[PDB]
file input-v1.cif (mmCIF, C-alpha atoms and all ligand atoms)
data_final
#
loop_
_atom_site.group_PDB
_atom_site.id
_atom_site.type_symbol
_atom_site.label_atom_id
_atom_site.label_comp_id
_atom_site.auth_asym_id
_atom_site.auth_seq_id
_atom_site.Cartn_x
_atom_site.Cartn_y
_atom_site.Cartn_z
ATOM 1 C CA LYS W 125 0.000 0.000 0.000
ATOM 2 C CA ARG W 126 2.886 2.294 0.932
ATOM 3 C CA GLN W 127 4.503 4.203 -1.986
ATOM 4 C CA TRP W 128 8.297 4.209 -2.335
ATOM 5 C CA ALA W 129 10.509 7.195 -3.139
ATOM 6 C CA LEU W 130 14.236 7.853 -3.435
ATOM 7 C CA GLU W 131 14.206 9.517 -0.001
ATOM 8 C CA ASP W 132 13.136 6.248 1.672
ATOM 9 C CA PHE W 133 16.563 4.759 1.017
ATOM 10 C CA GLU W 134 20.018 5.344 2.400
ATOM 11 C CA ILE W 135 22.291 4.689 -0.576
ATOM 12 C CA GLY W 136 25.549 2.998 0.386
ATOM 13 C CA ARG W 137 28.331 1.619 -1.793
ATOM 14 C CA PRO W 138 27.872 1.100 -5.540
ATOM 15 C CA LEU W 139 27.774 -2.623 -6.330
ATOM 16 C CA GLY W 140 28.354 -2.299 -10.079
ATOM 17 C CA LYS W 141 27.538 -0.642 -13.411
ATOM 18 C CA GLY W 142 24.624 -1.700 -15.571
ATOM 19 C CA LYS W 143 24.116 -0.519 -19.143
ATOM 20 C CA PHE W 144 21.604 2.123 -18.095
ATOM 21 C CA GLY W 145 22.710 2.994 -14.571
ATOM 22 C CA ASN W 146 24.251 1.694 -11.368
ATOM 23 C CA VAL W 147 23.243 -0.738 -8.667
ATOM 24 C CA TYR W 148 23.806 0.214 -5.043
ATOM 25 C CA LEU W 149 23.816 -1.382 -1.645
ATOM 26 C CA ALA W 150 21.011 0.376 0.205
ATOM 27 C CA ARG W 151 18.938 0.383 3.418
ATOM 28 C CA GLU W 152 15.246 1.204 3.736
ATOM 29 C CA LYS W 153 15.286 4.144 6.171
ATOM 30 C CA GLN W 154 12.730 3.040 8.803
ATOM 31 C CA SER W 155 13.311 -0.724 8.972
ATOM 32 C CA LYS W 156 17.017 -0.519 8.029
ATOM 33 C CA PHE W 157 16.334 -3.541 5.811
ATOM 34 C CA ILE W 158 19.288 -4.008 3.449
ATOM 35 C CA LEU W 159 18.543 -4.309 -0.255
ATOM 36 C CA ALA W 160 19.967 -3.577 -3.700
ATOM 37 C CA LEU W 161 18.761 -0.461 -5.518
ATOM 38 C CA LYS W 162 19.027 -0.702 -9.288
ATOM 39 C CA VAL W 163 18.887 2.581 -11.246
ATOM 40 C CA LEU W 164 17.873 2.883 -14.897
ATOM 41 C CA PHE W 165 18.078 6.025 -17.047
ATOM 42 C CA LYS W 166 14.778 6.203 -18.920
ATOM 43 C CA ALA W 167 15.828 7.999 -22.110
ATOM 44 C CA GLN W 168 18.557 5.399 -22.490
ATOM 45 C CA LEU W 169 16.025 2.581 -21.981
ATOM 46 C CA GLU W 170 13.841 4.052 -24.711
ATOM 47 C CA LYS W 171 16.691 4.401 -27.185
ATOM 48 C CA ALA W 172 17.818 0.803 -26.752
ATOM 49 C CA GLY W 173 14.156 -0.134 -27.174
ATOM 50 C CA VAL W 174 14.124 -2.202 -23.983
ATOM 51 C CA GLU W 175 11.466 0.040 -22.447
ATOM 52 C CA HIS W 176 8.578 -2.367 -23.044
ATOM 53 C CA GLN W 177 10.651 -5.451 -22.249
ATOM 54 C CA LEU W 178 11.431 -3.894 -18.858
ATOM 55 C CA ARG W 179 7.736 -3.358 -18.173
ATOM 56 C CA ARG W 180 6.846 -6.951 -19.080
ATOM 57 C CA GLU W 181 9.567 -8.443 -16.886
ATOM 58 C CA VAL W 182 8.646 -6.225 -13.961
ATOM 59 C CA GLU W 183 5.027 -7.402 -14.147
ATOM 60 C CA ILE W 184 6.127 -11.028 -14.364
ATOM 61 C CA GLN W 185 8.914 -10.682 -11.798
ATOM 62 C CA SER W 186 6.576 -8.995 -9.321
ATOM 63 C CA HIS W 187 4.481 -12.159 -9.066
ATOM 64 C CA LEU W 188 7.472 -14.452 -8.480
ATOM 65 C CA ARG W 189 8.543 -15.507 -5.005
ATOM 66 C CA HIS W 190 11.055 -18.314 -4.471
ATOM 67 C CA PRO W 191 14.004 -18.895 -2.122
ATOM 68 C CA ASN W 192 16.313 -19.212 -5.144
ATOM 69 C CA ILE W 193 14.969 -16.410 -7.310
ATOM 70 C CA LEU W 194 16.228 -12.895 -6.589
ATOM 71 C CA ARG W 195 13.152 -11.036 -5.376
ATOM 72 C CA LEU W 196 11.758 -7.811 -6.845
ATOM 73 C CA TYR W 197 10.261 -6.016 -3.821
ATOM 74 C CA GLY W 198 8.943 -3.226 -6.023
ATOM 75 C CA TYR W 199 9.933 -0.104 -7.906
ATOM 76 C CA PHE W 200 9.269 3.575 -8.540
ATOM 77 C CA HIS W 201 10.385 6.382 -10.842
ATOM 78 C CA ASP W 202 10.845 10.087 -11.243
ATOM 79 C CA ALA W 203 10.889 12.046 -14.496
ATOM 80 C CA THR W 204 14.352 10.836 -15.470
ATOM 81 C CA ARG W 205 14.987 7.402 -13.907
ATOM 82 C CA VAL W 206 13.374 4.154 -12.886
ATOM 83 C CA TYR W 207 14.369 2.479 -9.625
ATOM 84 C CA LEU W 208 14.187 -1.268 -9.068
ATOM 85 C CA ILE W 209 14.083 -2.371 -5.435
ATOM 86 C CA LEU W 210 15.858 -5.737 -5.403
ATOM 87 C CA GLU W 211 16.792 -8.392 -2.907
ATOM 88 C CA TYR W 212 20.482 -8.103 -1.988
ATOM 89 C CA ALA W 213 22.551 -11.293 -2.231
ATOM 90 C CA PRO W 214 25.131 -10.814 0.559
ATOM 91 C CA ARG W 215 27.613 -13.352 -0.811
ATOM 92 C CA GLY W 216 27.950 -11.951 -4.278
ATOM 93 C CA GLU W 217 28.593 -13.499 -7.642
ATOM 94 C CA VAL W 218 28.804 -17.229 -8.324
ATOM 95 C CA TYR W 219 30.991 -16.618 -11.372
ATOM 96 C CA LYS W 220 33.717 -15.179 -9.132
ATOM 97 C CA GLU W 221 33.500 -18.142 -6.801
ATOM 98 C CA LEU W 222 33.869 -20.376 -9.842
ATOM 99 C CA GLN W 223 37.137 -18.705 -10.861
ATOM 100 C CA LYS W 224 38.441 -18.495 -7.313
ATOM 101 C CA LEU W 225 38.014 -22.289 -6.995
ATOM 102 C CA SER W 226 38.294 -23.138 -10.728
ATOM 103 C CA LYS W 227 35.519 -25.708 -10.292
ATOM 104 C CA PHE W 228 33.111 -26.910 -7.641
ATOM 105 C CA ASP W 229 33.055 -30.256 -5.844
ATOM 106 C CA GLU W 230 30.136 -32.688 -6.121
ATOM 107 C CA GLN W 231 28.409 -31.645 -2.895
ATOM 108 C CA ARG W 232 28.406 -27.975 -3.819
ATOM 109 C CA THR W 233 27.352 -28.636 -7.409
ATOM 110 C CA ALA W 234 24.545 -31.087 -6.615
ATOM 111 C CA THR W 235 23.124 -28.797 -3.941
ATOM 112 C CA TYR W 236 23.159 -25.920 -6.466
ATOM 113 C CA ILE W 237 21.404 -28.125 -9.029
ATOM 114 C CA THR W 238 18.756 -29.001 -6.461
ATOM 115 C CA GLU W 239 18.159 -25.309 -5.717
ATOM 116 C CA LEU W 240 17.847 -24.464 -9.433
ATOM 117 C CA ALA W 241 15.585 -27.417 -10.268
ATOM 118 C CA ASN W 242 13.244 -26.249 -7.498
ATOM 119 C CA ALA W 243 13.320 -22.681 -8.840
ATOM 120 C CA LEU W 244 12.787 -23.779 -12.455
ATOM 121 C CA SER W 245 9.965 -26.102 -11.469
ATOM 122 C CA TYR W 246 8.271 -23.210 -9.674
ATOM 123 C CA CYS W 247 8.805 -21.008 -12.753
ATOM 124 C CA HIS W 248 7.254 -23.621 -15.012
ATOM 125 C CA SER W 249 4.230 -23.685 -12.737
ATOM 126 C CA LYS W 250 3.930 -19.946 -13.337
ATOM 127 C CA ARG W 251 4.291 -20.395 -17.102
ATOM 128 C CA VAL W 252 7.783 -18.898 -17.005
ATOM 129 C CA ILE W 253 10.372 -20.742 -19.065
ATOM 130 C CA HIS W 254 13.863 -20.271 -20.481
ATOM 131 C CA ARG W 255 15.194 -18.568 -17.361
ATOM 132 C CA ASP W 256 18.830 -17.532 -17.737
ATOM 133 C CA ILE W 257 20.842 -19.664 -15.315
ATOM 134 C CA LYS W 258 24.377 -19.252 -16.617
ATOM 135 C CA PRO W 259 26.849 -18.506 -13.812
ATOM 136 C CA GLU W 260 27.152 -14.750 -14.506
ATOM 137 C CA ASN W 261 23.449 -14.552 -13.687
ATOM 138 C CA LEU W 262 23.629 -16.406 -10.382
ATOM 139 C CA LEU W 263 24.117 -14.757 -7.014
ATOM 140 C CA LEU W 264 24.613 -16.185 -3.536
ATOM 141 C CA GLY W 265 22.349 -15.619 -0.531
ATOM 142 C CA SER W 266 23.305 -15.446 3.143
ATOM 143 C CA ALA W 267 23.237 -19.259 3.400
ATOM 144 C CA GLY W 268 25.341 -19.938 0.292
ATOM 145 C CA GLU W 269 22.200 -20.806 -1.688
ATOM 146 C CA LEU W 270 21.802 -19.801 -5.342
ATOM 147 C CA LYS W 271 19.847 -16.728 -6.372
ATOM 148 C CA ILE W 272 18.784 -16.381 -10.008
ATOM 149 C CA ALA W 273 19.278 -12.722 -10.955
ATOM 150 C CA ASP W 274 16.661 -10.695 -12.813
ATOM 151 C CA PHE W 275 16.954 -8.443 -15.885
ATOM 152 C CA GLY W 276 20.282 -9.890 -17.090
ATOM 153 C CA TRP W 277 20.035 -7.874 -20.314
ATOM 154 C CA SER W 278 20.541 -4.659 -18.375
ATOM 155 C CA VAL W 279 24.047 -5.599 -17.208
ATOM 156 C CA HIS W 280 27.316 -6.193 -19.077
ATOM 157 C CA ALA W 281 29.010 -9.591 -19.039
ATOM 158 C CA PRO W 282 31.939 -9.716 -16.608
ATOM 159 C CA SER W 283 35.172 -8.636 -18.333
ATOM 160 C CA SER W 284 37.182 -11.383 -16.649
ATOM 161 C CA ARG W 285 34.556 -13.729 -18.030
ATOM 162 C CA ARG W 286 33.090 -14.825 -21.307
ATOM 163 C CA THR W 287 31.621 -11.965 -23.343
ATOM 164 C CA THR W 288 27.816 -11.611 -23.722
ATOM 165 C CA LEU W 289 27.426 -13.281 -27.083
ATOM 166 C CA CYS W 290 29.805 -16.167 -26.291
ATOM 167 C CA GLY W 291 28.257 -16.586 -22.875
ATOM 168 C CA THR W 292 24.758 -16.856 -24.296
ATOM 169 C CA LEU W 293 25.685 -19.229 -27.138
ATOM 170 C CA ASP W 294 27.420 -21.565 -24.657
ATOM 171 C CA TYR W 295 24.027 -22.229 -23.058
ATOM 172 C CA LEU W 296 21.684 -22.355 -26.047
ATOM 173 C CA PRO W 297 19.824 -25.628 -26.712
ATOM 174 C CA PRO W 298 20.193 -27.207 -30.162
ATOM 175 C CA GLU W 299 16.527 -26.521 -31.004
ATOM 176 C CA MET W 300 16.918 -22.770 -30.440
ATOM 177 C CA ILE W 301 20.058 -22.518 -32.553
ATOM 178 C CA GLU W 302 18.489 -24.684 -35.264
ATOM 179 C CA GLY W 303 15.661 -22.135 -35.247
ATOM 180 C CA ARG W 304 12.853 -24.485 -34.186
ATOM 181 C CA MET W 305 10.130 -23.833 -31.617
ATOM 182 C CA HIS W 306 11.041 -24.407 -27.980
ATOM 183 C CA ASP W 307 9.337 -25.136 -24.661
ATOM 184 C CA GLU W 308 10.200 -25.747 -20.994
ATOM 185 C CA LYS W 309 12.642 -28.487 -22.013
ATOM 186 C CA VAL W 310 15.035 -25.651 -22.748
ATOM 187 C CA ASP W 311 15.601 -25.317 -18.983
ATOM 188 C CA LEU W 312 16.626 -28.990 -18.657
ATOM 189 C CA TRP W 313 19.333 -28.268 -21.229
ATOM 190 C CA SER W 314 20.673 -25.186 -19.426
ATOM 191 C CA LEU W 315 20.749 -27.139 -16.168
ATOM 192 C CA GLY W 316 22.942 -29.751 -17.883
ATOM 193 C CA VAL W 317 25.373 -27.222 -19.323
ATOM 194 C CA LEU W 318 25.588 -25.566 -15.883
ATOM 195 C CA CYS W 319 26.120 -28.829 -14.033
ATOM 196 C CA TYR W 320 28.993 -29.533 -16.395
ATOM 197 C CA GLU W 321 30.488 -26.058 -16.033
ATOM 198 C CA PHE W 322 30.241 -26.234 -12.238
ATOM 199 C CA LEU W 323 32.103 -29.571 -12.130
ATOM 200 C CA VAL W 324 34.620 -28.911 -14.887
ATOM 201 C CA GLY W 325 35.111 -25.150 -14.800
ATOM 202 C CA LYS W 326 34.265 -24.534 -18.454
ATOM 203 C CA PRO W 327 31.026 -25.118 -20.389
ATOM 204 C CA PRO W 328 30.920 -28.372 -22.414
ATOM 205 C CA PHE W 329 30.646 -26.977 -25.958
ATOM 206 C CA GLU W 330 32.918 -23.944 -25.835
ATOM 207 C CA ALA W 331 35.399 -23.813 -28.720
ATOM 208 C CA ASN W 332 37.804 -21.172 -30.087
ATOM 209 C CA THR W 333 35.239 -19.728 -32.472
ATOM 210 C CA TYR W 334 31.502 -19.064 -32.307
ATOM 211 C CA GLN W 335 31.248 -21.181 -35.437
ATOM 212 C CA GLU W 336 32.791 -24.283 -33.848
ATOM 213 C CA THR W 337 30.805 -23.808 -30.628
ATOM 214 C CA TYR W 338 27.648 -23.592 -32.712
ATOM 215 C CA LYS W 339 28.658 -26.731 -34.608
ATOM 216 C CA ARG W 340 29.430 -28.664 -31.416
ATOM 217 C CA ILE W 341 26.147 -27.694 -29.762
ATOM 218 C CA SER W 342 24.182 -28.700 -32.835
ATOM 219 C CA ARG W 343 25.839 -32.109 -32.838
ATOM 220 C CA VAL W 344 25.834 -32.415 -29.036
ATOM 221 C CA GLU W 345 29.503 -33.380 -29.033
ATOM 222 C CA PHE W 346 31.487 -32.877 -25.849
ATOM 223 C CA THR W 347 33.727 -34.966 -23.657
ATOM 224 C CA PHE W 348 33.920 -35.550 -19.915
ATOM 225 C CA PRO W 349 37.254 -35.060 -18.172
ATOM 226 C CA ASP W 350 38.413 -38.236 -16.436
ATOM 227 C CA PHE W 351 37.673 -36.814 -12.987
ATOM 228 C CA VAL W 352 33.908 -36.512 -13.575
ATOM 229 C CA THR W 353 32.239 -39.386 -11.739
ATOM 230 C CA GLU W 354 29.782 -41.878 -13.256
ATOM 231 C CA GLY W 355 26.744 -40.417 -11.489
ATOM 232 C CA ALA W 356 27.504 -36.932 -12.787
ATOM 233 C CA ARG W 357 28.100 -38.246 -16.300
ATOM 234 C CA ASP W 358 24.758 -39.995 -16.165
ATOM 235 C CA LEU W 359 22.829 -36.918 -15.039
ATOM 236 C CA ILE W 360 24.592 -34.540 -17.428
ATOM 237 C CA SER W 361 24.139 -36.985 -20.338
ATOM 238 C CA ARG W 362 20.417 -37.269 -19.580
ATOM 239 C CA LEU W 363 20.187 -33.464 -19.549
ATOM 240 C CA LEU W 364 22.115 -32.798 -22.771
ATOM 241 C CA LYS W 365 19.884 -34.807 -25.122
ATOM 242 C CA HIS W 366 19.491 -33.312 -28.600
ATOM 243 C CA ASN W 367 15.793 -34.167 -28.715
ATOM 244 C CA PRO W 368 14.155 -31.946 -26.051
ATOM 245 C CA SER W 369 11.503 -34.606 -25.668
ATOM 246 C CA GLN W 370 14.031 -37.136 -24.319
ATOM 247 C CA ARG W 371 15.144 -34.796 -21.537
ATOM 248 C CA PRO W 372 14.166 -35.637 -17.929
ATOM 249 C CA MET W 373 11.421 -33.891 -16.045
ATOM 250 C CA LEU W 374 12.619 -31.641 -13.230
ATOM 251 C CA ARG W 375 11.225 -34.028 -10.614
ATOM 252 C CA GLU W 376 13.477 -36.681 -12.176
ATOM 253 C CA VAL W 377 16.513 -34.420 -11.779
ATOM 254 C CA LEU W 378 15.535 -33.871 -8.142
ATOM 255 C CA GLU W 379 15.310 -37.624 -7.544
ATOM 256 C CA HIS W 380 18.356 -38.565 -9.590
ATOM 257 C CA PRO W 381 20.709 -40.854 -7.587
ATOM 258 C CA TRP W 382 23.731 -38.574 -7.996
ATOM 259 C CA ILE W 383 21.675 -35.606 -6.746
ATOM 260 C CA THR W 384 20.174 -37.521 -3.828
ATOM 261 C CA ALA W 385 23.590 -38.814 -2.750
ATOM 262 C CA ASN W 386 25.521 -35.561 -3.008
ATOM 263 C CA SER W 387 23.054 -32.783 -2.184
ATOM 264 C CA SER W 388 22.935 -31.053 1.221
ATOM 265 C CA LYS W 389 19.177 -30.486 0.921
HETATM 266 O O1 LIG F 401 31.256 -7.150 -5.019
HETATM 267 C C1 LIG F 401 30.658 -7.364 -4.023
HETATM 268 O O2 LIG F 401 31.271 -7.251 -2.773
HETATM 269 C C2 LIG F 401 29.201 -7.767 -4.115
HETATM 270 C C3 LIG F 401 28.598 -7.862 -5.372
HETATM 271 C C4 LIG F 401 27.256 -8.238 -5.452
HETATM 272 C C5 LIG F 401 26.544 -8.510 -4.276
HETATM 273 N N1 LIG F 401 25.132 -8.782 -4.380
HETATM 274 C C6 LIG F 401 24.083 -8.426 -5.295
HETATM 275 N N2 LIG F 401 22.767 -8.687 -4.950
HETATM 276 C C7 LIG F 401 21.775 -8.301 -5.786
HETATM 277 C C8 LIG F 401 22.103 -7.681 -6.947
HETATM 278 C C9 LIG F 401 23.442 -7.430 -7.299
HETATM 279 N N3 LIG F 401 24.420 -7.781 -6.485
HETATM 280 C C10 LIG F 401 23.922 -6.802 -8.475
HETATM 281 C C11 LIG F 401 25.093 -6.073 -8.252
HETATM 282 C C12 LIG F 401 25.633 -5.332 -9.308
HETATM 283 C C13 LIG F 401 25.002 -5.321 -10.568
HETATM 284 CL CL1 LIG F 401 25.630 -4.340 -11.918
HETATM 285 C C14 LIG F 401 23.832 -6.057 -10.781
HETATM 286 C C15 LIG F 401 23.299 -6.782 -9.730
HETATM 287 C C16 LIG F 401 22.048 -7.599 -9.944
HETATM 288 C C17 LIG F 401 22.101 -8.282 -11.304
HETATM 289 C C18 LIG F 401 21.221 -7.899 -12.319
HETATM 290 F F1 LIG F 401 20.371 -6.854 -12.122
HETATM 291 C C19 LIG F 401 21.235 -8.562 -13.551
HETATM 292 C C20 LIG F 401 22.135 -9.608 -13.780
HETATM 293 C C21 LIG F 401 23.021 -9.992 -12.768
HETATM 294 C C22 LIG F 401 22.999 -9.331 -11.532
HETATM 295 F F2 LIG F 401 23.886 -9.688 -10.559
HETATM 296 N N4 LIG F 401 21.073 -7.762 -9.156
HETATM 297 C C23 LIG F 401 20.922 -7.243 -7.821
HETATM 298 C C24 LIG F 401 27.143 -8.406 -3.024
HETATM 299 C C25 LIG F 401 28.486 -8.034 -2.945
#
call {"tool": "encode", "arguments": {"input": "input-v1.cif", "output": "C-alpha cells"}}
result
Amino acid sequence: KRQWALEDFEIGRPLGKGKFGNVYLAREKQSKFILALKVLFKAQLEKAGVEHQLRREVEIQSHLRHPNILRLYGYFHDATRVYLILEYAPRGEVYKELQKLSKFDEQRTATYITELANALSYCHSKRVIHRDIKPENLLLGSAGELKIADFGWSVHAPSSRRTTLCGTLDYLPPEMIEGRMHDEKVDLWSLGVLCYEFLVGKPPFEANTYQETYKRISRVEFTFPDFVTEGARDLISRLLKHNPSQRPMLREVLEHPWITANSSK
C-alpha cells in the first residue's frame, strides 16, 4: 500500500555498473532492511528499445517468489529514472566463486542443481520458461544458496569472463540454434550445461570460435574429463539430449541418484 521514493533509502556503496545505470547497496530508512537499488536512465532505456521489455519483466517478476529467485520487492520512478528495489545477495557473484576455486566439488554442485531445479519447477508452474541460469546470472544468498538474478540484459558480461554473445551461445539448446520452436525443455538443457560447467570449470561446448561452438552444440559433441564421476556423467548426459523430448522432467533431476547422494538439501 505504501509508496516508495528515493528519499526512503540510504544509498551505500555502488555494487556495479549496468548498461543504463548503477546498482547500489542500500537500506530502507525506517526498517534498516538491506537491499539492492538498481537505477535505470529512462531515455537510455527508450533508445535501446528495452522500455517495453522492462515493463513486461517487472510485471512477471513482481508475481514471483522463491528462495532461489532474486526477489523484486517493487519499484518507482521520477521524471528521469526508474528504480528497481531488489533483494540483496550478501555473498555476491557465483561466477567469481567459480574462478576463485576453478571448479566446484560434487556436494556444492549437486546442492546448487537441487536449488535451481526447485526454482525452475516453480517457474514452469507460473508459465515462465527459459530462465537464464548461466553462472554470470547467479548470485549467492546469506546461506550460500543460489539466487537467479533478474533483468540480465541490463548488465554487461563480466570482463574477466566470457563476453555476452559467447556466454549466451554456450548455453543455447540445439533446437533454439536450429531455429525451431522451444518449450520448458530448454531449462533442462541449461541445467545440464551448468552442471557440467560447475564440475569442470568450463562449459561443455565452448570452442575457439563461435562457429565451432555452434557446430558442437548442434551435434551435441562434448567430452567428460576423467575426474567426472559416473553419477555426474549420467545426469549430465540425460540433460544434454538433442531431442528436447528425451530430456528428464525436473522431478526426475531432483530424484536422480547422484543428486540424492551428493546434495545437502
Ligand atoms: O562485489 C561485491 O562485494 C558484491 C557484489 C554483489 C553482491 N550482491 C548483489 N545482490 C543483488 C544484486 C546485485 N548484487 C547486483 C550487483 C551489481 C550489478 Cl551491476 C547487478 C546486480 C544484480 C544483477 C542484475 F540486475 C542482472 C544480472 C546480474 C545481476 F547480478 N542484481 C541485484 C554483493 C556483494
call {"tool": "atom_distance", "arguments": {"input": "input-v1.cif", "atom1": "atom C21 of ligand LIG 401 (chain F)", "atom2": "CA of residue 278 in chain W"}}
result
8.1 Å
call {"tool": "atom_distance", "arguments": {"input": "input-v1.cif", "atom1": "CA of residue 130 in chain W", "atom2": "CA of residue 178 in chain W"}}
result
19.6 Å
call {"tool": "resolve_selection", "arguments": {"input": "input-v1.cif", "expression": "the PyMOL selection byres (((not hetatm)) within 6 of (chain F and resi 401))", "output": "list in words"}}
result
residues 139, 140, 141, 142, 147, 160, 210, 211, 212, 213, 214, 215, 216, 217, 261, 273, 274, 275, 276 and 279 of chain W
call {"tool": "residues_around", "arguments": {"input": "input-v1.cif", "residues": "residue 324 in chain W", "least_positions_apart": "6", "cutoff": "10 Å", "atoms": "all atoms listed in the file", "output": "VMD selection string"}}
result
chain W and resid 222 226 to 229 318 348 to 349 351 to 352
call {"tool": "write_last_selection", "arguments": {"input": "input-v1.cif", "atoms": "C-alpha atoms", "output": "JSON list (two decimals), in the frame of the given file"}}
result
[["chain", "number", "residue", "atom", "x", "y", "z"],
["W", 222, "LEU", "CA", 33.87, -20.38, -9.84],
["W", 226, "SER", "CA", 38.29, -23.14, -10.73],
["W", 227, "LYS", "CA", 35.52, -25.71, -10.29],
["W", 228, "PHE", "CA", 33.11, -26.91, -7.64],
["W", 229, "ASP", "CA", 33.06, -30.26, -5.84],
["W", 318, "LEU", "CA", 25.59, -25.57, -15.88],
["W", 348, "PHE", "CA", 33.92, -35.55, -19.92],
["W", 349, "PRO", "CA", 37.25, -35.06, -18.17],
["W", 351, "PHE", "CA", 37.67, -36.81, -12.99],
["W", 352, "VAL", "CA", 33.91, -36.51, -13.58]]
call {"tool": "resolve_selection", "arguments": {"input": "input-v1.cif", "expression": "the PyMOL selection byres (((chain W and resi 146) around 12) and not hetatm)", "output": "ChimeraX atom specification"}}
result
/W:135-145,147-149,160-165,205-208,278-280
